[PDB]
Amino acid sequence: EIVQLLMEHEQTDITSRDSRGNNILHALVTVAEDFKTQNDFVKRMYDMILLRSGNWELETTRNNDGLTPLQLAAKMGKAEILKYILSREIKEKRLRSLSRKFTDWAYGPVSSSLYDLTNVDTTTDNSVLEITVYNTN
Amino acid sequence: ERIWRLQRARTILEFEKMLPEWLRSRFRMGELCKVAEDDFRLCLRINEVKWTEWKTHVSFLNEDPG
Amino acid sequence: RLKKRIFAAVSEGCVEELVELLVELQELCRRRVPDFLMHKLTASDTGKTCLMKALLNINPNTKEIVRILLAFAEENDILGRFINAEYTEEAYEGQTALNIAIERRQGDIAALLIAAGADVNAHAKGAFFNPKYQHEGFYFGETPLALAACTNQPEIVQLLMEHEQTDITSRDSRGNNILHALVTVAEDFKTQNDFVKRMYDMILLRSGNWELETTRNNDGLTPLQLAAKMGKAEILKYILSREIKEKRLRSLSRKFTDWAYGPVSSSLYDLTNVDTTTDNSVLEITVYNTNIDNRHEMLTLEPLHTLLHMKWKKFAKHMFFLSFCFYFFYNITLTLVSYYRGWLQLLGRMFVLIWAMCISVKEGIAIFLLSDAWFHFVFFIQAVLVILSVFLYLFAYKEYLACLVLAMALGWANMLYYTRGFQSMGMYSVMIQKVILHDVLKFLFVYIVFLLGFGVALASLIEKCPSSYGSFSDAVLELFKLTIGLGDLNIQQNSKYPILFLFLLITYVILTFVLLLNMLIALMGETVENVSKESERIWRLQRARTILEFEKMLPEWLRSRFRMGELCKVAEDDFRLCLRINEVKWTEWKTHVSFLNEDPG
């Protein structure tokens, strides 16, 4: 409720980066320890804030370590939130652009989804598939 | 099982960086799909079968299922 | 110009008013006629009408758009040719507006379209609707009723059965009626939740006949036989034991209770197409079909399990024991010949050659039609060795004894085959087979490679002064002496560098030890759950295979002499072969209404 109140005001800067460089989404990635520990409330807030502000900027921005929050979720050992980020199906047609999983072929029980490999398929500097494999910590 | 899967993954990405620059662009997993007005993003297609939940498909990108 | 506006307008459906305006524009341009109105109202590329484009794109306004379009097409008298239009596209050939209304779970719209004169028998036959390869496209049976059934829509299926225009028994291009299709789709209980079984019940109870089960696809299979050919178990347990309570449709049941007095009751199964008295029965298919990979749960079903027990009790036990006895006498005669190597040979060797030729003929006959065939491949090689040695006995050579004793050792190794018929010792031999096939063969090659590495190593060192470890073959032999404990460890002599010699050998010992350790480890992991279940399954399947192998050896009159089952009087005149099984049920108490015989015998 308080998060909705703070998003309602025009004075609020959603995209504000802190001293460490993290916007709000990087922080939510920082905190999301585990399902049994937290009960996955962070995933809900990650959904709600993006659906509140329809943009790609928040995922676009980087902390001082030079990482998008997808790449931060991969660098840290955050799995339950990555399963959400890496496959999003937004139903609303106005904010449907922000989804990363698209169904294009559904006829019935058979359907083929369509994932986004933008920062994932090792075609960039450090993709998710590179980080999650080459990270020993 | 975990160590084996991780090892294979490490090997796959080790060989992925040995290839020439043109070879990786030659393979180039994925296809450019038309999403939104102009998403134009590289995508990976995965066919699945779901018998549990029945839902009238409202949100779909292509009308003729190819 | 005018068309694409209307197509996009029915696609979005933000307002039916502008759709009415475009339809009024078309009505005013109609002064120039149905054949033109159709082409103006239909995309000529794929053969896609605006009704199809309207039903593919569903929104809350669609229910009114369809009504407007059909009222327009009826006011212009094009309605019959308009609803029944189908795609000209190769992959989508035959799909109509009704199939779309069904696939997108529209109940009311489907009712409206059928009430407006839609074709319910329209066959959707295309590459997408007839997938040659799995996982690309969906097969439902190529009829609207089969679609509504495979997609779990019981109301629409009732609607389609209510109409007299519907052909229930219609076979598709592949030859399948609706029931074959439902057999095709029924993957598993957890995957589907067993809705297909309900529809299989409902359609037969809707049309009381035997025809649907009687008919055959182009592969020449009844849907029972199709359920057996494919690995469909959960539906077969239903088909193979049906108790229909309704007295009017009670004839269509395959399980009849004739003897119920109380907790004790004996059911009566139908063995019409099941008891191997036909061309290919269920008991033949489910056993001799290797592609299933699910036969463990197939042979535990009510009639088949007991049929196997009964055939074993009647004839297969005695034949198996008798064949084992003959083989035992044969092998002993072979040993008595070879150990003492003429008046006794005239009695022995004749039988030996005859029985060897017999086994070789049988094995060469049955080897052309094919971890279940391994033994049967070995019984041939043994008889080959025997007949070769008997030829080389009259021929002047010394190489006859080699093949003879190898045939001996192979016979005493093959007698393990017949331990599979025993109750307790059978799973033991299955354990031998599975472990020697999977767990040990991994160990053996990785041990041979160390043998052949350290062999050339030690042959390189200890050849300095031509010696304990001599040539390569002797060094490999000495290493194999070492892993057992037989080869006495010699202090390095006639060797260039003794410390490396000893270190390299101790490393061989340690690596062999940890490798033996790991085969034991993978074994411990294997044993707990999978190994036991696999052993029991393989044993049961093997017995079933043997029972049906001996069942086909008998003369024609003998099988008719056994003839498991009795002819019962069911219905006005069912007159079918049946199998009686007595059971005791204490859980559920029910006043027995449906019973065949009144006096429980």
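Residues numbered from 1 in each chain as written, not as in the entry; some residues may be left out. Chains lettered and ligands numbered in written order. Part of a larger assembly, values for the part shown. Heavy atoms only, no water. Residues with missing side-chain atoms left out of burial classes, pairs and counts.

- Per the PDB record, the structure was determined using cryo-EM to 3.4 Å resolution.

Let's talk about the overall build of chain B
Alright, step 1. Helices and strands together make up the secondary structure of chain B, namely two helices and two strands.
Alright, step 2. When the helices and strands of chain B are listed from N to C terminus, the series reads α-α-β-β.
Alright, step 3. Computed over C-alpha atoms, the radius of gyration of chain B comes to 18 Å, more than 25% over the 11 Å expected from 2.2 N^0.38 for 66 residues, which places it beyond the range of a compact globule.
Alright, step 4. The C-alpha extent of chain B, read off along each of the three principal axes, is 45 × 35 × 20 Å. (Helix = DSSP H or I, 4+ residues; strand = E, 2+ residues; numbered from the N terminus. Rg over C-alpha atoms; globule rule 2.2 N^0.38 Å.)

Some words on the interface of chain A and chain B
Frequently, the measure chosen for interface size is the accessible area that the parts lose on association.
Alright, step 1. Counting from both sides, the interface comprises 26 residues of chain A and, opposite them, 29 residues of chain B.
Alright, step 2. Taken together, the elements giving at least two residues each to the side of chain A that touches chain B come down to β1 (101-103), β2 (110-116) and α8 (128-134) of chain A.
Alright, step 3. A total of seven residues in the side of chain A that touches chain B trace back to one element, the largest contributor, which is β2 of chain A.
Alright, step 4. Looking at the side of chain A that touches chain B residue by residue, the class counts come to 13 nonpolar, nine polar and four charged.
Alright, step 5. In terms of strand pairing, β2 of chain A meets strand β2 (residues 41-49) of chain B through seven bridges, oriented antiparallel. (Contact = heavy atoms within 4.5 Å. Nonpolar A, V, L, I, M, F, W, Y, C, P; charged D, E, K, R; others polar. Pairing = 2+ DSSP bridges.)

Examining the packing of aromatic side chains
All names here are of chain C.
Alright, step 1. Summarising the aromatic geometry, the rings of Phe443 and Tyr447 are spaced 5.9 Å apart at their centres and angled 10° between planes, so their arrangement reads as stacked. Here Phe443 pairs with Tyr447, and both are found in helix α22 (residues 424-461), just four residues apart, close to one helical turn.
Alright, step 2. Aromatic pair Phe450 and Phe454: ring centres 6.3 Å apart, planes at 25°, arrangement stacked. You can see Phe450 and its partner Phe454 sitting in helix α22, four residues apart, about one turn around the helix.
Alright, step 3. In this structure, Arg174 packs its charged tip against the face of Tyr139, placed 4.2 Å from the ring centre. (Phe/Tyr/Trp six-rings, centres within 6.5 Å; stacked < 30°, edge-to-face > 60°. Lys NZ or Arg CZ within 6 Å of the ring centre and 35° of its normal.)

Observations regarding unusual backbone geometry
Alright, step 1. With phi around 75°, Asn39 of chain A is a residue other than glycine that occupies positive phi space.
Alright, step 2. Assignment of secondary structure puts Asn39 of chain A in the loop between α3 (35-38) and α4 (41-52).
Alright, step 3. You will see that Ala36 of chain B, though not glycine, has its phi angle at about 70°, which is positive.
Alright, step 4. Relative to the helices and strands, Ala36 of chain B resides in the loop between β1 (31-33) and β2.

Observations concerning the pattern of salt bridges
Alright, step 1. The shortest N-O distance in the salt bridge between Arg88 of chain A and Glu59 of chain A comes to 2.8 Å. Of the two residues, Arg88 of chain A is situated in the loop between α7 (80-85) and β1 and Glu59 of chain A in helix α5 (residues 57-60); the sequence distance between them amounts to 29 residues.
Alright, step 2. Notably, a salt bridge pairs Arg580 of chain C with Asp258 of chain C, separated by 2.7 Å at the nearest N-O pair. (Salt bridge = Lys/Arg side-chain N within 4 Å of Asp/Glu carboxyl O.)

Focus on the sheet that holds strand β5 (residues 566-568) of chain C
Residue and element names in this part refer to chain C.
Alright, step 1. Within the open sheet, the four strands sit side by side as β3-β4-β6-β5. Their pairing is antiparallel. The sheet is open, and its two edges are formed by β3 (255-257) and β5, each paired on a single side. Between one strand and the next, the sheet's axes are offset by a mean angle of 50°, whatever the strand orientation.
Alright, step 2. As judged from the three bridges shared by β5 and strand β6 (residues 576-584), these two strands associate in the antiparallel manner. Looking at the pairing, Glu566 lines up with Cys578 of β6. (Axes fitted to C-alpha atoms, helices over the stretch in contact; angles between N-to-C directions.)

Here we look at the packing of helix α18 (residues 302-339) of chain C against helix α24 (residues 498-551) of chain C
Residue and element names in this part refer to chain C.
Alright, step 1. Direction vectors running N to C along α18 and α24 enclose 70°, while the axes themselves pass 10 Å from each other. What the angle tells us is that α18 and α24 run roughly perpendicular. Classified by chirality, the crossing of α24 by α18 is left-handed. Mapping the contact onto sequence places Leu308, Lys311, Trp312, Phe315, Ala316, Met319 and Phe320 in α18 and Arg543, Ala544, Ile547, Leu548, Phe550 and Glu551 in α24.
Alright, step 2. By residue class, the composition of the contact of α18 with α24 is 10 nonpolar, no polar and three charged. (Parallel < 35°, antiparallel > 145°, perpendicular 65-115°, else oblique. Left-handed = near helix turned anticlockwise from the far one by under 90°.)

Remarks on the side chain of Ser112 of chain A
Alright, step 1. Secondary-structure assignment places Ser112 of chain A in strand β2.
Alright, step 2. A polar atom in the side chain of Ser112 of chain A sits 3.2 Å from the side chain of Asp104 of chain A.
Alright, step 3. A polar contact is formed between the side chain of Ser112 of chain A and the side chain of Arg45 of chain B, at a distance of 3.5 Å.
Alright, step 4. Once you skip the residues sitting within four places of it in the chain, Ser112 of chain A turns out to touch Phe102, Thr103, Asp104 and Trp105 of chain A together with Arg45, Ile46, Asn47 and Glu48 of chain B. (Polar contact = N/O pair within 3.5 Å; in protein donor to acceptor, adjacent residues only side chain to side chain.)

As for the pairing of strand β4 (residues 264-270) of chain C
Residues and elements named next belong to chain C.
Alright, step 1. Of the pairings in the sheet, the one linking β3 to β4 comprises three bridges and is antiparallel in character. Within β4, the position partnered with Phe256 by the bridge is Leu268.
Alright, step 2. Counting the residues between successive antiparallel strands, the hairpin from β3 to β4 contains six residues.
Alright, step 3. Here β4 runs beside β6; their pairing, made up of seven bridges, is antiparallel. The partner of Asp270 across the bridge, within β6, is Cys578.

A word on the interface of chain C and chain B
Alright, step 1. Counting residues at the interface gives 16 residues for chain C and 13 residues for chain B.
Alright, step 2. Among the residues making up the side of chain C that touches chain B, the classes are represented as eight nonpolar, six polar and two charged.

A closer look at the sheet that holds β1 of chain B
For sheets, the rule is that strands pair by backbone hydrogen bonds, running either parallel or antiparallel.
Alright, step 1. In space, the four strands of this open sheet follow the order β1(A)-β2(A)-β2(B)-β1(B), with antiparallel pairing throughout. The sheet is open, and its two edges are formed by β1 of chain A together with β1 of chain B, each paired on a single side. For this sheet the average axis-to-axis angle between neighbouring strands, irrespective of direction, equals 50°.
Alright, step 2. Bridging between β1 of chain A and β2 of chain A involves three bridges; their strand directions are antiparallel. Considered in β2 of chain A, the bridge of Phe102 of chain A is made with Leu114 of chain A.

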